[PDB]
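Structure first, then comments.
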Amino acid sequence: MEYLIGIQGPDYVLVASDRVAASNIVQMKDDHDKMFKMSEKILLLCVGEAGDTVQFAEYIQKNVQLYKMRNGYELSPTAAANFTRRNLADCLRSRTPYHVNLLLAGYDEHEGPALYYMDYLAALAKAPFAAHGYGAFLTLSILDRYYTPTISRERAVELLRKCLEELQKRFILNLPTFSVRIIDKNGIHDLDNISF
Amino acid sequence: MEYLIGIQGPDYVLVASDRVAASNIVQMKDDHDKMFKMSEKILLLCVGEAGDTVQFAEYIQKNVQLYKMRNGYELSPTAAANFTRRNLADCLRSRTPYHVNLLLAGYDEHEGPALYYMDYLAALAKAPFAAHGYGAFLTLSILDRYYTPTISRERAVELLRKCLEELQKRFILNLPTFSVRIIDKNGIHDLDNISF
Amino acid sequence: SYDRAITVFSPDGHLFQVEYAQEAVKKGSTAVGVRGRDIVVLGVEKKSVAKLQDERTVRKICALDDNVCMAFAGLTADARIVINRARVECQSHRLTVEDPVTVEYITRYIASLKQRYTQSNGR
Amino acid sequence: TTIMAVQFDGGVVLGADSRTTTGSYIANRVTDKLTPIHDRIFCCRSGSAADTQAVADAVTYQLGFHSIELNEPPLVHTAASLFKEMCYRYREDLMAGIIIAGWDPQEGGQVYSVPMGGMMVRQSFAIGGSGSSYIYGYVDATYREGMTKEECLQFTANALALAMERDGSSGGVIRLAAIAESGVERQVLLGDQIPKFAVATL
Amino acid sequence: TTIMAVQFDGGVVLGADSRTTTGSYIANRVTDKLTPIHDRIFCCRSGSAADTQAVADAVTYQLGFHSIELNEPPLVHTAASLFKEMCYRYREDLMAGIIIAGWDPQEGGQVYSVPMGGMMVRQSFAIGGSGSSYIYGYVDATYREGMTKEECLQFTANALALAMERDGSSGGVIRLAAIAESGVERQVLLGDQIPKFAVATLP
Amino acid sequence: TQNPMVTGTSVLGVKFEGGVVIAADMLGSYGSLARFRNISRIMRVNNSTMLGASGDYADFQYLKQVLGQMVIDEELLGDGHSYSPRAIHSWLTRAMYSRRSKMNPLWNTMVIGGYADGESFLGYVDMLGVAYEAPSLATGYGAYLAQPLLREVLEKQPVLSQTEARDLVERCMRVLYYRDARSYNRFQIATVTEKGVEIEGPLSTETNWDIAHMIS
Amino acid sequence: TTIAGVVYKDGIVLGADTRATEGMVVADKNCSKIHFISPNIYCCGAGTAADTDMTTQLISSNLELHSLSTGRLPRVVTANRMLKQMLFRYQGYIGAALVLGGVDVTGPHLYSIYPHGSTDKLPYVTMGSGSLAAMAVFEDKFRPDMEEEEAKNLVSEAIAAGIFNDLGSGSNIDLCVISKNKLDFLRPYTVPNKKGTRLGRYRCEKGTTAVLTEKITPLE
Amino acid sequence: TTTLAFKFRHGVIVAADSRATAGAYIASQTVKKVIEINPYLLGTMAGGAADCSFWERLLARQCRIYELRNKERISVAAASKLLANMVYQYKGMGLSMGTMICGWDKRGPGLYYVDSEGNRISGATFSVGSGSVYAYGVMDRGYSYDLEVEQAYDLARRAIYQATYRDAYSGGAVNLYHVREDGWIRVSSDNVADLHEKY
Amino acid sequence: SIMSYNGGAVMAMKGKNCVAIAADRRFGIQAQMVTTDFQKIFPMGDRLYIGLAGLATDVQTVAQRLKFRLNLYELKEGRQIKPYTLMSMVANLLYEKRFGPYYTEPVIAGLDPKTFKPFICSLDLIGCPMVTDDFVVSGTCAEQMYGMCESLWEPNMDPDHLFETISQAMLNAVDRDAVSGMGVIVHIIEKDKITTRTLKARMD
Amino acid sequence: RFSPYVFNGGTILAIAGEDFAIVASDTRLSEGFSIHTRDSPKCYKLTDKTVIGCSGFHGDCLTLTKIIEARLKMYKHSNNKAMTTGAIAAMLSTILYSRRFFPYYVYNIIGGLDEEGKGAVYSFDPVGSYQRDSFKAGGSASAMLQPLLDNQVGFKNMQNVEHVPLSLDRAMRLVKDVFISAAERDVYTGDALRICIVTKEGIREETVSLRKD
Ligand SMILES: [Cl-]
Ligand SMILES: [Cl-]
Ligand SMILES: [Cl-]
Ligand SMILES: [Cl-]
Ligand SMILES: [Cl-]
Ligand SMILES: [Cl-]
Ligand SMILES: [Cl-]
Ligand SMILES: [Cl-]
Ligand SMILES: [Cl-]
Ligand SMILES: [Cl-]
Ligand SMILES: [Cl-]
Ligand SMILES: [Cl-]
Ligand SMILES: [Cl-]
Ligand SMILES: [Cl-]
Ligand SMILES: [Cl-]
Ligand SMILES: [Cl-]
Ligand SMILES: [Cl-]
Ligand SMILES: [Cl-]
Ligand SMILES: [Cl-]
Ligand SMILES: [Cl-]
Ligand SMILES: [Cl-]
Ligand SMILES: [K+]
Ligand SMILES: [K+]
Ligand SMILES: [K+]
Ligand SMILES: [Mg+2]
Ligand SMILES: [Mg+2]
Ligand SMILES: [Mg+2]
Ligand SMILES: [Mg+2]
Ligand SMILES: [Mg+2]
Ligand SMILES: [Mg+2]
Ligand SMILES: [Mg+2]
């Protein structure tokens with residue numbers, strides 16, 4: 001079951017997600033990616049019910065890309081977050097609600113890095129770090145303990161690696177590998193997978 | 001969630017069990033032992049509902065030991081399996097049923113090695129190999145594919161290790177270590193834990 | 001069910017059934033125990049001799065658990081009851097305390113069983 | 001509720017108790033359950049007060065309009081048919097047990113039952129509502145072919161009084177109406193004017 | 001079922017229909033629902049047939065034994081009391097609506113109702129069973145203080161006939177009994193003997 | 001009882017100078033059917049105490065049987081001690097609580113009235129063992145319809161004469177007959193004073209139906 | 001809530017308490033339950049508060065359109081029909097229980113209107129959780145053709161009965177008196193309930209509350 | 001609630017918050033959730049407030065009787081086992097209890113987790129209660145068998161603190177105990193508002 | 001209960017020529033705190049604020065949809081909305097969803113844009129309005145809030161005393177509620193300025 | 001399904017002073033939307049030194065208090081002394097637990113003098129979880145009373161205030177204030193406030209009027 005994490009530093013946001021797709025008692029894929037690139041400087045990380053997660057993320061992704069094509073420039077992380085929220089909330093009481101939980105990470109030229117948390121109800125919160133999934137219960141306090149607002153990216157990846165080690169130790173599910181990416185002024189960078 | 005496995009060769013039975021005690025989303029112990037020594041040449045491996053499992057296994061254990069003290073010699077693996085089954089079946093429709101699944105492994109001076117399977121309903125089957133838990137779904141066919149009745153103990157531990165690797169690869173739960181023991185004419189021998 | 005008071009006081013404070021039970025012990029085969037420095041030994045007389053006897057079947061020294069044994073003198077049938085009761089109790093102890101009994105614990109248990117059979121109706 | 005109507009040569013007599021209950025609270029003790037649908041056509045209402053009021057208002061509208069268009073007084077049979085259509089069509093959303101009675105020049109005095117479910121049947125006399133259960137035997141034994149208007153009025157008042165004594169959901173005053181070519185005559189029996197039959201003491 | 005009993009000066013009249021149903025199948029069309037509990041004490045039974053038979057058989061036993069011990073005929077009030085005790089105590093496990101009626105030397109003709117739940121009340125006349133709902137009005141309008149035996153018999157037959165016409169769960173024949181110091185007189189009204197009241201076909 | 005069968009509606013009670021008056025109609029209803037129209041829902045317990053019961057009449061009859069036997073038992077001793085109204089009310093509290101606690105209640109709400117040692121006693125006990133005392137009581141629909149009238153009079157004049165209490169009870173019984181669909185216009189009034197317990201009836205209230213011509 | 005009305009010799013008296021509750025807590029000690037319909041017609045409301053407010057406002061507005069069109073003073077029957085037809089359509093889901101009273105060219109008229117759309121035309125009515133207490137007063141004391149002051153006494157007594165005997169009712173008694181000549185909207189009519197006074201003082205001086213952050217934004 | 005305990009070189013650390021709730025209502029900020037069973041044995045309380053208090057008090061009674069009969073201190077194993085056997089009979093009846101039994105006996109420092117579901121397990125470290133998941137993260141990242149005494153105190157205190165911060169149902173003060181070979185000591189009681197200031 | 005899924009508390013309070021509105025700062029999901037700076041009070045004018053407790057998603061939707069409507073109103077009309085009119089606008093917005101409501105129960109606090117007269121109100125989730133002359137409260141600790149307000153509030157308080165009263169009412173109320181707190185924010189609204197403060201508060 | 005419980009309302013409060021205890025309650029007994037009586041106090045004298053407040057389901061309040069009374073006499077007969085405030089508290093915990101599976105629907109607060117003569121308050125949940133407190137509210141309006149006591153008696157959330165001892169006169173003023181506030185908002189609290197003051201001289205009683213609506 002699905003784990004998302006984000007940590008925002010002074011000029012970047014780091015994000016990671018597990019790579020498992022499971023079904024019943026089996027992992028069916030171990031290189032699954034739960035991140036969706038919305039624009040040069042925006043990732044949407046999406047977990048929840050099957051079908052809803054991809055349908056929702058891809059719809060958001062295509063509309064963000066459409067906005068870019070229509071206007072010549074991109075939606076800010078904050079605008080995209082609010083766009084995402086409006087869609088989810090507008091569907092909440094409709095015949096087609098989407099059961100998805102999200103993180104939105106981005107870097108804006110003028111606002112700097114941003115990390116947004118959203119639940120399936122479409123409550124939106126800006127946070128210095130955040131996580132979703134049952135794994136969040138075991139890692140949020142690790143983040144509260146060691147995060148600082150000026151944390152460097154070398155130390156953020158170390159902190160991330162304490163969180164992921166804690167899941168190996170203490171979480172009942174087998175989540176042995178994680179996708180890791182960072183966003184800053186120069187866009188989206190793939191880091192090495194963190195594996196056990 | 002709990003895994004038990006047994007493989008019987010010509011003159012030994014090999015058994016292994018996971019070492020996790022879990023509660024809700026957390027492993028609370030990673031060196032748990034699910035094996036109970038009934039006599040010099042009998043192990044009972046027990047999983048199922050909390051409380052029931054230990055209360056049942058220890059009641060059996062004490063009674064087997066009492067038999068030894070009363071009579072000067074030990075219950076055969078077969079007799080112990082049947083005793084175990086009588087008790088479980090007798091409780092099945094009572095006010096105090098025990099929700100436990102078992103393997104009984106033993107070596108008898110005159111019948112040789114034996115492996116018995118029992119479910120919570122108290123159906124008793126003798127088997128050349130067997131397993132309990134959701135992990136069984138992913139390992140039984142591995143045993144059907146490679147087991148032969150003359151399998152040597154060196155090859156049995158290898159076959160056990162293919163099963164346990166399959167759980168690391170494919171099972172959704174984090175079971176990283178296993179107790180392993182063998183029983184033969186010289187009693188019960190602890191093997192190294194198999195760990196990941 | 002039979003509720004007669006069997007063991008009762010007599011005028012000079014005696015419990016005659018108990019004294020008679022002691023007479024039964026005195027006619028049993030001799031038994032001796034000696035506590036060594038790092039050994040303990042039990043030895044006991046006869047039972048019969050009797051060439052046709054299967055010796056194994058009449059031992060008067062009995063394991064109660066792995067770390068405790070006992071000899072007795074007196075009524076052998078009575079002893080078998082006490083021994084079995086003690087054997088059961090050694091397994092409860094291990095069950096609930098996860099240690100073998102001390103010798104004192106099981107001695108105390110046996111003694112208390114014996115005292116009860118001097119103060120209970122019908123026995 | 002208890003409602004009743006009876007045909008005689010030249011007209012009809014209608015009656016009802018006046019109790020409206022929510023649970024076992026009496027929300028109106030002097031209810032008028034006999035509602036005029038046209039000059040000489042009434043309906044007696046039982047069941048949900050909201051339902052029977054809504055249905056009766058609607059039928060009054062339909063019948064009035066129909067009557068103007070035709071330039072003739074309406075048929076009692078037509079009034080009953082309009083009730084039936086609405087009570088049958090909406091039988092799953094209404095709790096209405098109706099008696100339609102009145103006079104027209106073509107067929108004289110007529111009584112129709114439209115019970116729950118929305119069937120319609122003409123009868124010499126009709127009873128309905130919760131209290132009607134307690135007067136089947138009475139009306140079966142007492143009814144006589146060829147009663148006068150005055151006899152129909154007494155027979156009605158008696159039946160209703162008996163129902164009212166026994167049915168917790170019926171009571172209050174007895175409202176009567178007689179309808180004939182000459183018009184509608186309404187009256188109320190109250191207190192000591194309600195027929196009285198002793199409790200059977202030892 | 002419809003059951004009824006009526007007091008007169010010197011005794012009682014009891015009546016019942018004869019229909020026993022399972023669902024809407026008539027399993028007995030000629031049921032005898034008036035059961036003798038002693039020489040001059042009967043009960044009229046409605047509700048579960050199994051229950052009322054069991055309770056009646058038990059009371060008969062109790063009352064008979066009590067009567068031998070006392071060496072006197074039993075009080076009607078005593079029969080009613082025994083029914084009440086058993087119907088009240090077991091009110092959660094029985095479906096029994098009973099009328100006890102009879103004669104004794106001390107109190108004469110007497111009618112007691114023991115409806116479901118096991119209360120007990122003396123009455124001038126009593127009705128019960130499913131069909132009784134349809135004759136409350138009739139009996140209330142028709143009852144007169146001081147009716148003779150023959151009038152009580154007619155009044156009973158008429159009430160039961162009316163109930164039987166309307167109640168799907170009542171029907172068949174009318175069983176009547178009169179009880180007095182002289183004894184018990186039983187009769188059956190069938191077919192054309194049952195009082196008849198026209199269906200009110202249209203003029 | 002799990003499921004009440006034949007039932008009674010409201011019982012009223014009010015204290016006055018020298019006694020207590022209680023009232024109850026004579027109806028046992030079977031659902032909405034007014035089935036038994038001449039039954040008394042009031043008991044003289046002993047000389048100082050009376051009881052009125054709402055709810056299941058078979059359960060009331062049981063209580064009457066038990067409590068009647070207890071007063072006889074006590075009179076057999078002829079020892080100068082008698083159960084006071086307060087004691088009877090205590091006993092009844094325990095018995096209702098105890099039955100409630102076995103999940104098998106006696107399906108009743110009761111009003112106990114008494115007069116002993118110069119004091120008027122009026123007490124309430126319900127099927128759950130809820131019990132208390134007050135200057136006036138009303139069970140069932142009486143709690144909604146009669147009690148507001150009783151308490152309004154008693155705020156203007158806490159101490160009523162017997163005849164004033166009696167007139168007030170009659171006014172309440174009228175209201176109940178107008179507004180409770182399980183009521184019946186045939187009731188009893190029971191009074192306890194120095195002289196003992198008197199039960200009067202059958203009584204009826206005059207009713208007014210003028211409003212039938214004011215459909216307004 | 002306790003709401004009520006009476007027809008007296010020359011008009012209508014409407015009455016209401018002023019408690020609104022959420023669960024078993026008092027949310028408003030002084031809410032207004034006697035709602036304007038037209039200058040000659042008012043309506044007390046009980047039940048779901050937003051439903052009573054919105055229902056009466058809508059009908060009042062449609063009646064104003066009606067009267068603007070006709071040039072005449074509206075009729076009580078018209079308000080009754082409009083309310084009951086709307087409530088019927090909604091099948092009881094609009095939880096408005098109303099006492100409607102006024103005076104029109106045909107004189108005084110009083111109706112009770114239930115959520116499911118039934119109405120009763122009667123010379124006195126009560127509604128709300130306090131309605132039986134108020135109705136007891138009316139059954140005991142109403143007479144036809146009372147004088148104004150007697151009718152106002154009777155209605156306030158009836159509301160008081162609900163106030164004191166129903167946990168759902170409280171605070172003040174409001175009345176509205178409507179005749180051919182006069183509209184007297186008496187809010188409050190009586191204030192039979194008052195908060196007791198405060199015996200200790202908790203005038204906590206500046207600095208008592210520790211402050212983490214402060215921003216003053218000046219305005220024009 | 002959040003409770004934790006852990007064995008280490010210098011014995012066993014035991015810590016708890018002090019909140020009690022009734023639904024979402026905060027009933028108390030000053031509950032004592034570490035019961036002194038005897039001068040070498042502690043029990044911790046999480047779950048139903050009455051259930052924990054009653055059953056640990058009963059355990060204390062029984063351990064004392066044991067001591068009187070047998071003339072020696074009950075072991076941690078035996079005490080934990082007495083509790084497990086007492087509650088086992090009530091499974092399915094809605095008792096809610098999660099306890100750590102913490103002592104030092106002839107086998108050295110001892111720590112057992114025991115609950116109303118029937119679990120009884122020995123281990124190095126545990127956390128129990130609505131806030132346990134949060135305490136585990138922090139305890140797990142800082143735990144070592146070779147912690148110095150003051151470092152172990154700091155860790156326990158911090159773990160409970162961080163649990164009170166995330167978990168709506170944990171709060172108040174952190175109460176800390178230390179089981180040593182000659183008995184437990186009460187180390188400190190620190191209000192979570194004073195700890196926030198500090199961390 | 002839907003209304004407690006997120007927890008939270010808002011209140012408003014009247015003083016002489018000033019009003020105050022306050023909120024806790026926790027955004028949580030059942031037991032789990034997610035953030036501690038979640039906004040619940042929103043400007044609807046220079047001297048007019050709305051506070052929303054209830055389900056966080058609906059807090060945000062209502063605030064946003066209300067702003068949409070208000071901005072259109074102010075562009076079309078000459079002028080800044082009156083407090084009472086804002087209340088009505090909000091009532092109408094909430095009652096449109098009568099049969100599938102937003103799970104939020106707002107409080108409004110402000111000064112009339114022309115007269116500077118103080119106004120406070122609250123509404124239930126389907127738009128029933130309630131104006132008062134003292135205070136209003138909404139959220140998972142409403143009882144606690146009522147108890148503090150009833151005991152401390154007095155008439156005609158100056159801005160400093162109003163700030164202490166509303167602050168002590170909030171802090172002490174939320175400290176008896178598991179799912180409200182993690183901070184308190186207070187806005188004092190006066191004719192010539194807004195003063196915004198966060199309070200030292202328990203963080204458990 | 002017969003329900004064996006009903007809610008009958010009622011608010012209780014106790015405060016410990018240096019040499020006094022207060023136990024206070026309203027006098028309203030309710031059921032549904034009706035008032036049974038306006039004169040039904042929730043305080044019960046147990047000894048000269050101990051008073052208990054009980055609210056919730058009145059059938060259980062009556063039974064439990066009669067059980068406590070009987071147990072106090074039994075204790076006195078076997079042990080030759082009156083039960084102390086603390087022993088009454090410990091005993092009450094066990095009596096409440098004995099109904100763990102069919103609870104007394106009662107909220108109990110004990111107020112009295114401890115063995116040094118000092119104020120003692122003990123508060124309970126329905127199944128007997130308890131502790132000693134300095135002050136405590138219970139019952140219907142407890143959530144309304146408690147925060148204000150936290151603030152004004154506990155001095156919580158206040159800076160630069162001298163934490164003085166609680167005088168009897170101040171504690172009395174507070175008690176009356178909080179009940180008056182509660183009567184404003186809790187529909188169940190009203191009619192009258194009954195106050196018991198336990199000191200070494202004995203137990204004295206004040207009553208004050210509350211709103212009747
Ligand atoms: Cl052992
Ligand atoms: Cl109607
Ligand atoms: Cl019908
Ligand atoms: Cl019909
Ligand atoms: Cl009907
Ligand atoms: Cl009526
Ligand atoms: Cl037949
Ligand atoms: Cl039969
Ligand atoms: Cl019956
Ligand atoms: Cl019957
Ligand atoms: Cl039948
Ligand atoms: Cl009768
Ligand atoms: Cl009597
Ligand atoms: Cl109309
Ligand atoms: Cl209402
Ligand atoms: Cl503490
Ligand atoms: Cl022991
Ligand atoms: Cl273990
Ligand atoms: Cl917990
Ligand atoms: Cl640390
Ligand atoms: Cl919108
Ligand atoms: K009737
Ligand atoms: K038939
Ligand atoms: K109040
Ligand atoms: Mg879907
Ligand atoms: Mg079980
Ligand atoms: Mg049966
Ligand atoms: Mg409908
Ligand atoms: Mg809080
Ligand atoms: Mg917390
Ligand atoms: Mg009130």
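Here, A, B, ... name the chains of the structure tokens in the order displayed, residue numbers run from 1 inside each chain, and ligands are numbered from 1 in the same displayed order.
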Requested in this report: Please identify the residues whose atoms come within 9 Å of ligand 22, using only C-alpha atoms and all ligand atoms, and report them as a count of residues only.
Outcome: 19
Requested in this report: Would you mind writing down, as a ChimeraX atom specification, each residue of range 10-196 of chain H that DSSP on the backbone assigns to strand (DSSP E or B)?
Outcome: /H:11-16,20-22,25-28,34-38,41-44,46-47,97-105,108-115,120-122,125-128,167,173-180,183-191
Query raised in the report: Residues at most 7 Å from range 97-112 of chain G, counting only C-alpha atoms, excluding those fewer than 6 positions away in the same chain, as a list in words?
Result: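 Listed by chain and then number, they are residues 216 of chain F; 4, 5, 7, 11, 12, 40, 41, 42, 43, 44, 45, 46, 47, 73, 74, 75, 76, 119, 120, 121, 122, 123, 125, 127, 178, 179 and 180 of chain G.
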Query raised in the report: Which residues come within 6 Å of range 154-162 of chain E, counting only C-alpha atoms, excluding same-chain residues fewer than 2 positions away, as a PyMOL selection string?
Result: (chain D and resi 137) or (chain E and resi 151-152+164-165+195)
**Report entry** Shell around residue 110 in chain F at 12 Å using only C-alpha atoms, local window under 3 positions removed, as a PyMOL selection string
**Finding:** chain F and resi 8-13+22-24+41-43+50-57+59-60+63-64+88-89+92-93+96+106-107+113+122-133+137-140
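For the residues E:202, E:59, E:98, E:49, ranking by smallest atom-to-atom distance to ligand 10 using only C-alpha atoms and all ligand atoms places E:98 first.
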